[PDB]
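*Asks:* A single structure is presented below for examination.
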Amino acid sequence: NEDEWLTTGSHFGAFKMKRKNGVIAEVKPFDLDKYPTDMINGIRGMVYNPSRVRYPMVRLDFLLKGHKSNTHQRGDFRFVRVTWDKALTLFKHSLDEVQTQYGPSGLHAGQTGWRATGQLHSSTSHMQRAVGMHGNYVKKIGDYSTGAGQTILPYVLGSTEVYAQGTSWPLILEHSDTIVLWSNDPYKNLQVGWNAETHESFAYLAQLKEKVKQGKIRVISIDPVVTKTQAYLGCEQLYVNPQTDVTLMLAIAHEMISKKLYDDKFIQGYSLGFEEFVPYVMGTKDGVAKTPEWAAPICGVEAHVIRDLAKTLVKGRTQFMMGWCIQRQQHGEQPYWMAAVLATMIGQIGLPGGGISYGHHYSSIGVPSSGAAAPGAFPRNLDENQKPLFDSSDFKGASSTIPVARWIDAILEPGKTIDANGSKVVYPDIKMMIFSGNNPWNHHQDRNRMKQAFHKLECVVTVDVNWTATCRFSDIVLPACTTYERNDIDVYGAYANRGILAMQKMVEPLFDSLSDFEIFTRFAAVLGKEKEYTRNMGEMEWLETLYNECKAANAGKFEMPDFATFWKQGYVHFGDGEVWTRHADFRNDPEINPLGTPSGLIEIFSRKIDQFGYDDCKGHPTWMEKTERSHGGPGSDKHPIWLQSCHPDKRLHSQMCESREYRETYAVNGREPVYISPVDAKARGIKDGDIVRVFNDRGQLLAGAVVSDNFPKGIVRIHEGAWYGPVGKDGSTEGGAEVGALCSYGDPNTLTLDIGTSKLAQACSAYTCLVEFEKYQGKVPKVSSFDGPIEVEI
Ligand SMILES: Nc1nc2c(c(=O)[nH]1)N[C@H]1[C@@H](S)[C@@H](S)[C@@H](COP(=O)(O)OP(=O)(O)OC[C@H]3O[C@@H](n4cnc5c(=O)[nH]c(N)nc54)[C@H](O)[C@@H]3O)O[C@H]1N2
Ligand SMILES: Nc1nc2c(c(=O)[nH]1)N[C@H]1[C@@H](S)[C@@H](S)[C@@H](COP(=O)(O)OP(=O)(O)OC[C@H]3O[C@@H](n4cnc5c(=O)[nH]c(N)nc54)[C@H](O)[C@@H]3O)O[C@H]1N2
């Protein structure tokens, strides 16, 4: 059937779609988008796939025995189907039992993640609002991306920096001589955004490729691996041993002292503490000068190459662009801190195309905003007019808010006391947990340790669109529909604010699935508080209310038509903006425009932190050895290979791994691909296409061989997001519940360690990992990850 195209959008971009034979016929890019992503070929598979959640289900023994069931069985995949009313009655009864027997400290419902775009249907917000109307629970602070970075920068530059707007791309293209990409791959990571992604940044990357060819701009990539960006631009690379970056920075600062290359004016007028740091680099107290000769065998860079780099950074106007990966390792606050110190010693902060950036690889930061106000959202909290059924604040002496990544450690040892960014934290006694809009069995580390911690839980509830590993390890499960099976509203470009889009319903929700609004409105009915929850409005009434409010705010500078007209058009345009320079104000007059630090200047040495007395984070940057390190680091005698689980090029974390046809374009021999170097492959007799087994003293998995020159000796890669699918010793689905079971597909976190960054931020350290690998020789199993549950009938 040939009809008019409809409008919509997602984290991958804005689209245009047409329907035929009652199904979505085809996807086309939105007109204004000139650089779409290849992942546009996987969209249709996300809605029509084999891992779809058909109806509500409850785990066998839990259905039969309630909170007194055999928890050792989680993971075997056997479930029983039930009606919506029965499933909701059970859910509520469980919340009753826990508030009564234990109280608020025994429930954890605050985990967040990459939920789909949409101002009205946002899943995590609907769950928390309804559950709150029942009773309180435990919350968290932080995230898995910039955990350490966001905790340290406020002390140095006076802000988190990572999520702020930066210097405009044009100003950079016209003034920068050298652009340093340190642990940064923007060509690959710019394909997605927080809101509908405009992809504007790709036009500027194209202009950059020109400058590189003409020989007008020099780009240097400091990375242990050859990146996608380096290949696209045709620029150079500087190898560095993984995790040894800090020794290089210290050596560079040593050259600048000896041969007077640092800007003395900027230091004296814009910072504090330089004179307290010098002694360390110079070795006047500890006994060792941090010279290039010293750093060389550690970082893997020759003394003369280090001196050459130093002269280059002061030769012209230099612009630093740091990624996020480097701070996701043990002591991750150090490289971020020491970087800011180098930028200060150079003294080009505040100039167009000079200084340092921590985010030009995220949601098109660098393209100027229109200046318009964006639309509001559905509330995730109770309204001033209401109260919950219970409402107790007794946490039995424990903390009501914990560091995001310490949640497993708390289930394992309640009542323990930990240090945390200048305060004390006490772990609560958790018995029940709720998940919506996130996938814990993908994002956390150490699968086999997580299995032991789960044995101590009484109830686990999950709402998702597909049968993910998290659902596989739950007690009650509820089905939701995709954004293409409902109506919503969203802004175009998280930082651009180019306009406002319309997310129109394409087809009817499949099977027994429901929209997140519907799911929690029914729950509110059980509690007898339906109207209060919804504010007495439906889907379209809510959307119309949010548009009108946005139009009200923008009344002064932007014109907008009425809702009826807007919906028919499917889009409303805002405009372009003017260029801007990041730290120009503080530069012009630091007396008038100080920073948010305690003194108002840049702090190379902080009195505040030094006062804490922490052993693994002191008054100034230092080099400290890690627990597991390659190329001569501790532990490389038994497990020589470094494992990096860098973000995927053809997925958004775990989202899209379910798209059948599209996935089969990169899968190898049924498994997820492992990228291996020629030298290491030869030493083990491995060839392309062979099934490989990667392991260590904590876990084991299977994967497909891919030999590549982009990987140096001693390093392998397996992308984060590959679905966890364990099997027994006989290759069965059910045996997958066993502690120590082999993963038939290849999830990297099956081999990772659960450690805290340092006493300062207590964040994720996933990249500190050592392993070993061999050619798999045993009976080959079938993948259990994508085929859904075993249905048991009573
Ligand atoms: N080893 C290693 N570990 C890492 C990382 C690493 O570099 N290495 N990187 C990490 C970071 S940066 C982050 S962002 C993280 C990602 O996991 P996550 O947030 O759960 O998103 P996700 O994985 O995409 O899963 C989101 C789930 O949400 C569901 N969903 C999405 N939208 C909807 C919706 O509208 N309603 C409902 N009911 N659910 C919805 C998805 O189906 C998915 O299962 O994993 C970190 N961990
Ligand atoms: N296509 C796609 N886009 C996305 C995402 C996605 O899932 N898919 N997710 C997004 C979110 S969640 C966030 S957190 C972000 C990821 O940033 P980042 O960790 O820096 O990318 P990274 O790729 O994990 O790492 C970048 C580089 O860091 C190098 N590296 C890693 N460790 C070190 C080290 O110690 N020393 C040095 N010098 N460099 C190191 C890596 O080689 C990689 O090139 O990317 C978003 N964009």
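Identifiers in the structure tokens: chain A, B, ... in order shown; residue index from 1 per chain; ligand index from 1 in order shown.
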I want to know what sits within 12 Å of residue 211 of chain A, based on only C-alpha atoms, with residues of the same chain fewer than 4 positions away left out; could you give that as a count of residues only?

*Replies:* 20

*Asks:* Hey, which bits of chain A sit within 7 Å of ligand 1, and for each residue what's the closest pair of atoms and how far apart in Å (one decimal), counting only C-alpha atoms and all ligand atoms, rows by chain and increasing number, as a Markdown table?

*Replies:*
| residue | atom | partner | partner_atom_place_in_ligand_line | distance |
| --- | --- | --- | --- | --- |
| A:112 | CA | ligand 1 | 19 (O) | 6.7 |
| A:113 | CA | ligand 1 | 19 (O) | 3.4 |
| A:114 | CA | ligand 1 | 21 (O) | 4.4 |
| A:115 | CA | ligand 1 | 32 (N) | 3.8 |
| A:116 | CA | ligand 1 | 32 (N) | 3.8 |
| A:121 | CA | ligand 1 | 35 (O) | 6.7 |
| A:122 | CA | ligand 1 | 35 (O) | 5.9 |
| A:123 | CA | ligand 1 | 36 (N) | 4.7 |
| A:144 | CA | ligand 1 | 11 (C) | 4.8 |
| A:145 | CA | ligand 1 | 12 (S) | 4.1 |
| A:325 | CA | ligand 1 | 7 (O) | 6.9 |
| A:436 | CA | ligand 1 | 39 (N) | 5.6 |
| A:437 | CA | ligand 1 | 28 (O) | 3.8 |
| A:438 | CA | ligand 1 | 20 (O) | 3.8 |
| A:439 | CA | ligand 1 | 20 (O) | 3.8 |
| A:440 | CA | ligand 1 | 20 (O) | 5.7 |
| A:442 | CA | ligand 1 | 23 (O) | 5.8 |
| A:443 | CA | ligand 1 | 47 (N) | 3.7 |
| A:444 | CA | ligand 1 | 47 (N) | 5.8 |
| A:445 | CA | ligand 1 | 1 (N) | 6.6 |
| A:463 | CA | ligand 1 | 38 (N) | 4.9 |
| A:464 | CA | ligand 1 | 38 (N) | 3.8 |
| A:465 | CA | ligand 1 | 42 (O) | 5.2 |
| A:466 | CA | ligand 1 | 42 (O) | 5.9 |
| A:468 | CA | ligand 1 | 44 (O) | 6.0 |
| A:480 | CA | ligand 1 | 38 (N) | 5.1 |
| A:482 | CA | ligand 1 | 35 (O) | 6.2 |
| A:483 | CA | ligand 1 | 35 (O) | 6.5 |
| A:516 | CA | ligand 1 | 36 (N) | 6.3 |
| A:645 | CA | ligand 1 | 8 (N) | 4.9 |
| A:646 | CA | ligand 1 | 7 (O) | 5.0 |
| A:647 | CA | ligand 1 | 7 (O) | 5.5 |
| A:652 | CA | ligand 1 | 24 (O) | 5.9 |
| A:653 | CA | ligand 1 | 24 (O) | 4.5 |
| A:654 | CA | ligand 1 | 23 (O) | 4.3 |
| A:655 | CA | ligand 1 | 24 (O) | 4.7 |
| A:720 | CA | ligand 1 | 8 (N) | 5.3 |
| A:721 | CA | ligand 1 | 23 (O) | 6.3 |
| A:748 | CA | ligand 1 | 1 (N) | 6.1 |
| A:749 | CA | ligand 1 | 1 (N) | 5.2 |
| A:766 | CA | ligand 1 | 1 (N) | 5.5 |

*Asks:* With C-alpha atoms kept, could you save the residues just selected as a short mmCIF file (atom, residue, chain, number, x, y, z; two decimals), in the first residue's frame?

*Replies:*
data_model
loop_
_atom_site.label_atom_id
_atom_site.label_comp_id
_atom_site.auth_asym_id
_atom_site.auth_seq_id
_atom_site.Cartn_x
_atom_site.Cartn_y
_atom_site.Cartn_z
CA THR A 112 19.18 4.35 35.72
CA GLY A 113 20.41 3.74 32.17
CA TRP A 114 19.86 4.35 28.43
CA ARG A 115 16.06 4.40 28.16
CA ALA A 116 14.56 5.30 24.76
CA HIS A 121 6.79 7.83 28.00
CA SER A 122 10.28 7.77 29.65
CA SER A 123 10.17 4.41 31.47
CA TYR A 144 29.38 4.35 34.72
CA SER A 145 30.73 6.91 32.22
CA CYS A 325 37.67 5.65 28.63
CA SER A 436 13.34 -0.38 34.24
CA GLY A 437 15.24 1.37 31.46
CA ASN A 438 18.58 -0.34 32.20
CA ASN A 439 20.36 -3.69 31.78
CA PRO A 440 22.40 -4.60 34.95
CA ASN A 442 25.45 -6.07 30.80
CA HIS A 443 26.66 -2.96 32.62
CA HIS A 444 28.16 -4.47 35.81
CA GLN A 445 31.40 -6.43 36.35
CA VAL A 463 10.06 -4.34 32.83
CA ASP A 464 11.62 -4.50 29.33
CA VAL A 465 10.70 -4.90 25.63
CA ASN A 466 12.89 -7.99 25.04
CA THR A 468 17.39 -9.70 28.16
CA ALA A 480 6.48 -3.00 27.04
CA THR A 482 8.68 0.25 21.40
CA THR A 483 8.54 4.00 20.70
CA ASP A 516 4.93 2.36 30.09
CA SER A 645 35.79 -3.76 26.12
CA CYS A 646 35.36 -0.54 24.16
CA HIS A 647 31.89 0.67 23.09
CA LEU A 652 24.07 1.18 21.29
CA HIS A 653 25.42 -0.73 24.29
CA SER A 654 23.25 -3.91 24.27
CA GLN A 655 20.41 -2.28 22.32
CA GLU A 720 30.70 -4.09 25.41
CA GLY A 721 27.07 -5.12 24.75
CA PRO A 748 33.26 -9.37 28.22
CA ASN A 749 32.12 -8.66 31.82
CA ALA A 766 36.48 -2.22 34.40
#

*Asks:* For residue 763 of chain A, which residue out of A:420, A:321, A:676, A:572 is the nearest one, using only C-alpha atoms?

*Replies:*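 Of all the options, A:420 lies closest to residue 763 of chain A.
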
*Asks:* Quick check for you: according to DSSP on this backbone, which residues of segment 130-348 of chain A are classed as alpha helix (DSSP H)? Reply as an NGL selection string.

*Replies:* :A and (130-132 or 149-156 or 169-175 or 186-189 or 201-214 or 228-233 or 245-258 or 264-270 or 274-282 or 292-299 or 303-315 or 333-346)

*Asks:* Can you tell me, as a list in words, which residues in segment 178-276 of chain A count as strand (DSSP E or B) by DSSP?

*Replies:*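 Put together, the selection reads residues 178, 179, 180, 181, 182, 196, 218, 219, 220, 221, 222, 236, 237, 238, 271 and 272 of chain A.
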
*Asks:* How would the residues just chosen look if you wrote them out with C-alpha atoms as a PDB file, in the first residue's frame?

*Replies:*
ATOM      1  CA  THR A 178      47.725  21.103  16.504  1.00  0.00           C
ATOM      2  CA  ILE A 179      44.758  18.999  17.708  1.00  0.00           C
ATOM      3  CA  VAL A 180      45.589  16.238  20.226  1.00  0.00           C
ATOM      4  CA  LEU A 181      43.213  13.266  20.449  1.00  0.00           C
ATOM      5  CA  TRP A 182      44.053  11.591  23.782  1.00  0.00           C
ATOM      6  CA  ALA A 196      17.218  12.969  18.492  1.00  0.00           C
ATOM      7  CA  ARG A 218      48.308  18.483  12.463  1.00  0.00           C
ATOM      8  CA  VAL A 219      46.384  15.756  14.339  1.00  0.00           C
ATOM      9  CA  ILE A 220      48.072  13.348  16.779  1.00  0.00           C
ATOM     10  CA  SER A 221      46.268  10.303  18.260  1.00  0.00           C
ATOM     11  CA  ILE A 222      47.742   9.062  21.583  1.00  0.00           C
ATOM     12  CA  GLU A 236      49.530   9.897  12.808  1.00  0.00           C
ATOM     13  CA  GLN A 237      49.675   7.780  15.997  1.00  0.00           C
ATOM     14  CA  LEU A 238      51.816   7.664  19.177  1.00  0.00           C
ATOM     15  CA  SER A 271      46.560  29.387  39.638  1.00  0.00           C
ATOM     16  CA  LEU A 272      47.831  28.143  43.039  1.00  0.00           C
TER      17      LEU A 272
END

*Asks:* Considering only C-alpha atoms, return as JSON, numbers by chain whatever protein or nucleic-acid residues lie within 10 Å of residue 632 of chain A, sequence-local ones (same chain, fewer than 3 positions apart) excluded.

*Replies:* {"A": [241, 297, 298, 629, 635, 636, 637, 640]}

*Asks:* With N, CA and C atoms retained, export the selected residues as a PDB file, in the first residue's frame.

*Replies:*
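This went into again_35.pdb:
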ATOM      1  N   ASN A 241      51.889   2.255  26.401  1.00  0.00           N
ATOM      2  CA  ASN A 241      51.458   1.036  27.079  1.00  0.00           C
ATOM      3  C   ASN A 241      50.149   1.360  27.829  1.00  0.00           C
ATOM      4  N   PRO A 297      61.129   3.150  29.910  1.00  0.00           N
ATOM      5  CA  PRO A 297      60.795   1.716  29.913  1.00  0.00           C
ATOM      6  C   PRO A 297      59.415   1.383  30.504  1.00  0.00           C
ATOM      7  N   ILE A 298      58.804   2.355  31.176  1.00  0.00           N
ATOM      8  CA  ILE A 298      57.487   2.166  31.771  1.00  0.00           C
ATOM      9  C   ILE A 298      56.386   2.412  30.744  1.00  0.00           C
ATOM     10  N   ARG A 629      48.283  -5.431  35.530  1.00  0.00           N
ATOM     11  CA  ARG A 629      48.798  -4.614  34.421  1.00  0.00           C
ATOM     12  C   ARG A 629      49.641  -5.429  33.450  1.00  0.00           C
ATOM     13  N   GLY A 635      51.207  -9.417  37.565  1.00  0.00           N
ATOM     14  CA  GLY A 635      50.266 -10.416  37.091  1.00  0.00           C
ATOM     15  C   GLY A 635      50.418 -10.877  35.653  1.00  0.00           C
ATOM     16  N   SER A 636      51.292 -10.229  34.886  1.00  0.00           N
ATOM     17  CA  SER A 636      51.491 -10.596  33.487  1.00  0.00           C
ATOM     18  C   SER A 636      52.243 -11.916  33.241  1.00  0.00           C
ATOM     19  N   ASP A 637      52.754 -12.534  34.305  1.00  0.00           N
ATOM     20  CA  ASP A 637      53.475 -13.800  34.179  1.00  0.00           C
ATOM     21  C   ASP A 637      52.524 -14.975  33.920  1.00  0.00           C
ATOM     22  N   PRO A 640      49.125 -12.766  30.519  1.00  0.00           N
ATOM     23  CA  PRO A 640      49.771 -11.716  29.713  1.00  0.00           C
ATOM     24  C   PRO A 640      48.977 -10.718  28.851  1.00  0.00           C
TER      25      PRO A 640
END

*Asks:* Compile the contact shell of residue 514 of chain A as number ranges by chain: residues with an atom at most 12 Å away, counting only C-alpha atoms, same-chain residues fewer than 3 positions apart removed.

*Replies:* A: 53-56, 84, 121, 123, 463-465, 478-483, 485-486, 508-511, 517-522

*Asks:* Would you mind exporting N, CA and C atoms of the selected residues as an mmCIF file, in the first residue's frame?

*Replies:*
data_model
loop_
_atom_site.group_PDB
_atom_site.id
_atom_site.type_symbol
_atom_site.label_atom_id
_atom_site.label_comp_id
_atom_site.auth_asym_id
_atom_site.auth_seq_id
_atom_site.Cartn_x
_atom_site.Cartn_y
_atom_site.Cartn_z
ATOM 1 N N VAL A 53 9.086 -9.994 24.238
ATOM 2 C CA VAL A 53 8.366 -10.419 25.440
ATOM 3 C C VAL A 53 6.871 -10.429 25.087
ATOM 4 N N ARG A 54 6.296 -11.623 24.959
ATOM 5 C CA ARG A 54 4.887 -11.787 24.588
ATOM 6 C C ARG A 54 3.833 -11.432 25.628
ATOM 7 N N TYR A 55 4.061 -11.864 26.866
ATOM 8 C CA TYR A 55 3.098 -11.666 27.952
ATOM 9 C C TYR A 55 3.765 -11.737 29.328
ATOM 10 N N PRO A 56 3.050 -11.334 30.409
ATOM 11 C CA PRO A 56 3.638 -11.381 31.759
ATOM 12 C C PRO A 56 3.926 -12.822 32.179
ATOM 13 N N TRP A 84 -2.553 -10.126 33.469
ATOM 14 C CA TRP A 84 -2.040 -8.859 33.982
ATOM 15 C C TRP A 84 -2.454 -8.611 35.438
ATOM 16 N N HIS A 121 6.664 9.240 27.655
ATOM 17 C CA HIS A 121 6.786 7.828 27.999
ATOM 18 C C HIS A 121 8.029 7.310 28.726
ATOM 19 N N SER A 123 10.434 5.507 30.549
ATOM 20 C CA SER A 123 10.169 4.413 31.472
ATOM 21 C C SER A 123 10.564 4.478 32.951
ATOM 22 N N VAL A 463 10.918 -4.772 33.937
ATOM 23 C CA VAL A 463 10.056 -4.343 32.827
ATOM 24 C C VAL A 463 10.992 -4.050 31.645
ATOM 25 N N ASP A 464 10.775 -4.703 30.506
ATOM 26 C CA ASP A 464 11.621 -4.503 29.327
ATOM 27 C C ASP A 464 10.838 -4.907 28.075
ATOM 28 N N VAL A 465 11.357 -4.559 26.898
ATOM 29 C CA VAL A 465 10.703 -4.902 25.629
ATOM 30 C C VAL A 465 11.136 -6.294 25.146
ATOM 31 N N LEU A 478 7.427 -7.998 33.073
ATOM 32 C CA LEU A 478 6.335 -7.311 32.361
ATOM 33 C C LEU A 478 6.769 -6.700 30.996
ATOM 34 N N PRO A 479 6.009 -6.983 29.921
ATOM 35 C CA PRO A 479 6.224 -6.525 28.537
ATOM 36 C C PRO A 479 5.811 -5.090 28.148
ATOM 37 N N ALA A 480 6.734 -4.373 27.503
ATOM 38 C CA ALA A 480 6.478 -3.004 27.043
ATOM 39 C C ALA A 480 6.682 -2.919 25.524
ATOM 40 N N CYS A 481 6.033 -1.945 24.888
ATOM 41 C CA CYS A 481 6.137 -1.747 23.438
ATOM 42 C C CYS A 481 7.218 -0.709 23.085
ATOM 43 N N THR A 482 7.652 -0.695 21.826
ATOM 44 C CA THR A 482 8.680 0.251 21.397
ATOM 45 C C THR A 482 8.084 1.636 21.155
ATOM 46 N N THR A 483 8.959 2.619 20.953
ATOM 47 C CA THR A 483 8.540 4.002 20.703
ATOM 48 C C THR A 483 7.746 4.181 19.398
ATOM 49 N N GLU A 485 5.317 2.225 18.499
ATOM 50 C CA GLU A 485 3.980 1.674 18.741
ATOM 51 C C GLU A 485 3.143 2.591 19.648
ATOM 52 N N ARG A 486 3.575 3.848 19.778
ATOM 53 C CA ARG A 486 2.896 4.859 20.595
ATOM 54 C C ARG A 486 3.238 6.284 20.107
ATOM 55 N N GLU A 508 0.018 -1.055 15.706
ATOM 56 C CA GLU A 508 -0.516 -1.410 17.018
ATOM 57 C C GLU A 508 0.527 -2.173 17.852
ATOM 58 N N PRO A 509 0.537 -1.966 19.190
ATOM 59 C CA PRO A 509 1.484 -2.653 20.080
ATOM 60 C C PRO A 509 1.344 -4.161 19.851
ATOM 61 N N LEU A 510 2.470 -4.859 19.703
ATOM 62 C CA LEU A 510 2.445 -6.301 19.438
ATOM 63 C C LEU A 510 2.166 -7.158 20.677
ATOM 64 N N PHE A 511 1.561 -8.326 20.447
ATOM 65 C CA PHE A 511 1.224 -9.296 21.493
ATOM 66 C C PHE A 511 0.446 -8.695 22.665
ATOM 67 N N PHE A 517 3.219 4.115 30.153
ATOM 68 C CA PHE A 517 2.224 4.969 30.807
ATOM 69 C C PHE A 517 1.105 4.049 31.311
ATOM 70 N N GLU A 518 0.601 3.205 30.410
ATOM 71 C CA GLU A 518 -0.469 2.243 30.690
ATOM 72 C C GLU A 518 -0.132 1.258 31.815
ATOM 73 N N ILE A 519 1.077 0.703 31.777
ATOM 74 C CA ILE A 519 1.517 -0.256 32.781
ATOM 75 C C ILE A 519 1.387 0.297 34.196
ATOM 76 N N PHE A 520 1.946 1.477 34.438
ATOM 77 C CA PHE A 520 1.893 2.048 35.776
ATOM 78 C C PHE A 520 0.631 2.784 36.207
ATOM 79 N N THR A 521 -0.286 2.994 35.271
ATOM 80 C CA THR A 521 -1.570 3.620 35.582
ATOM 81 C C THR A 521 -2.460 2.508 36.167
ATOM 82 N N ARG A 522 -2.309 1.300 35.630
ATOM 83 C CA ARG A 522 -3.056 0.146 36.112
ATOM 84 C C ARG A 522 -2.575 -0.174 37.540
#

*Asks:* Using only C-alpha atoms, which residue out of A:95, A:86, A:337, A:208 lies closest to residue 170 of chain A?

*Replies:* A:208

*Asks:* So how many Å separate atom CA of residue 155 of chain A and atom CA of residue 286 of chain A, to one decimal?

*Replies:* 25.5 Å

*Asks:* Which residue is closest to ligand 2? Choose from A:99, A:597, A:393, A:227 and count only C-alpha atoms and all ligand atoms.

*Replies:*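 Going through A:99, A:597, A:393, A:227 one by one, the smallest distance to ligand 2 is for A:227.
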